[PDB]
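Next up: just one chain, as structure tokens, the form deposited in one PDB entry.
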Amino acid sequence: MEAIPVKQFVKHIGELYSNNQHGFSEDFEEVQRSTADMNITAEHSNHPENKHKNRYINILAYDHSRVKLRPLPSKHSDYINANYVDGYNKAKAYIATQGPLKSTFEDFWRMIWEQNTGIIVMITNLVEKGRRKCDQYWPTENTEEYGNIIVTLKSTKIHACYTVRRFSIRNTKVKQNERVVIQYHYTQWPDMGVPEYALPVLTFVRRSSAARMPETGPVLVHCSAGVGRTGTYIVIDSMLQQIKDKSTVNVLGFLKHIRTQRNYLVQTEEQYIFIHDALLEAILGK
């Protein structure tokens, strides 16, 4: 922890990059260790009934911060591999989740209804380098039913790096109640590592963040596992909010805190450096 003044931040990034990124390695190692003396339970994730609801076996949802689905008229119908994550000066500003599976499409859309979510942030392509990363939980055109949630694609705007899909959603068992759900899908994340330039992601962050309507549920952020790119997005968005309000940046302290809310948020040192680049672009661009 301990906030860095924004005017001293780019100088700090210079120091972190020097000597083959020694500073960045030290920071990321401290993030990885911040769990060491902590046992964070994820019993529901490990329950045999819930195992098929997990995309990855080692990517669990911590019990304390996990999003609970309202129970259905069995005991384990409450489970989704999703966790609430804080934003800047706002608890539960996000729902960081995995890329839904065909078997969890109903659970996913029910969570969006129950949580009053109005924005989806998707930072993965369905398939990357021939590998299945996420199943298509939304309709290619027109309408698709996911249990009691009927989803209608109303408009699409395909930018160079990201696609904006405007959906209309309704619950069959609500006396027909309609809600607008906007999906911000980043389409240009490379197969390996992080993007070369931070600016396109910064722009994706700014525009997806600006669409947050008061006073709706948390912003749903997902990639494949719901940790790396998801965590990268959360830190960039929160640190921009921090800059705007206090003119300070605290990547390290904030990341160590959100790491108690969902395992592995910001999975690699490369993502950790990328966060810094996005913020550098925001500071110098100002």
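Residues that one form lacks are left out of the comparison. In this text, the rigid core denotes the largest set of C-alpha atoms whose superposition between the two forms falls within 1.5 Å. All residue numbers refer to positions in the sequence shown, first residue = 1.
**Q** Counting only residues of the deposited sequence, how many between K175 and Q176 have no atoms in the entry (none, 1 to 3, 4 to 9, 10 or more)?
**A** Per the record, 10 or more deposited residues are absent between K175 and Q176.
**Q** Between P73 and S74, how many residues of the deposited sequence have no coordinates in this entry: none, 1 to 3, 4 to 9, or 10 or more?
**A** Going from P73 to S74, the model skips 1 to 3 residues of the deposited sequence.
**Q** With reference to the PDB entry, specify whether the mean Cα temperature factor is higher for 49-57 or for 226-234.
**A** Comparing 49-57 with 226-234, the higher mean C-alpha B-factor belongs to 49-57.
**Q** Among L220, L252, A36, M239, where is the Cα temperature factor highest, going by the PDB entry?
**A** In the PDB entry, the greatest C-alpha B-factor among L220, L252, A36, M239 is found at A36.
**Q** Hey, what third does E196 fall into on Cα B-factor, ranked over its chain?
**A** As the PDB entry reports it, the C-alpha B-factor of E196 lands in the lowest third of its chain.
**Q** Can you tell me whether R165 has a C-alpha B-factor in the lowest, middle or highest third compared with the other modelled residues of the same chain?
**A** Middle third.
**Q** Going by what the PDB entry lists, where does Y186 fall on CA B-factor within its chain: lowest, middle or highest third?
**A** Its C-alpha B-factor belongs to the lowest third of this chain's values.
**Q** Would you mind ranking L126 by its C-alpha B-factor against the rest of the chain and naming the third, lowest, middle or highest?
**A** Answer is middle: the recorded C-alpha B-factor places it there.
**Q** With respect to C-alpha B-factor, does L279 fall in the lowest, middle or highest third of the chain as deposited?
**A** Lowest third - that is where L279 ends up once the chain's C-alpha B-factors are sorted.
Although it is not shown, the form solved in complex with a small molecule is what the next lines describe.
**Q** Would you kindly say which of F105, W189, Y84, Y79 lies with a heavy atom within 4.5 Å of the small molecule in the entry with it bound?
**A** That would be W189.
**Q** Considering non-hydrogen atoms and a 4.5 Å limit, which listed residue (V249, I236, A61, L220) is close to the small molecule in the entry with it bound?
**A** None of the other options qualify; the answer is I236.
**Q** Counting only heavy atoms and a 4.5 Å cutoff, which of 189-197, 138-146, 105-113, 86-94 contacts the small molecule in the entry with it bound?
**A** The contacting stretch is 189-197.
**Q** May I ask you to check whether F274 falls inside a 4.5 Å heavy atom distance of the small molecule in the entry with it bound?
**A** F274 belongs to the contact set for the small molecule.
**Q** Would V201, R229 and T232 all count as contacting the small molecule in the entry with it bound, using a 4.5 Å heavy atom cut-off?
**A** Every residue of the spot touches the small molecule in the entry with it bound.
**Q** Would you mind telling me which residue of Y184, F167, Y146, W189 shifts its Cα by 2 Å or more between this form and the one not shown when the core is superposed?
**A** Meeting the 2 Å or more criterion is only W189.
**Q** Residues present in both forms only, core superposed, 2 Å C-alpha shift required: which runs of three or more differ between this form and the one not shown?
**A** Shifted run of three or more residues, which all move 2 Å or more: only 189-194.
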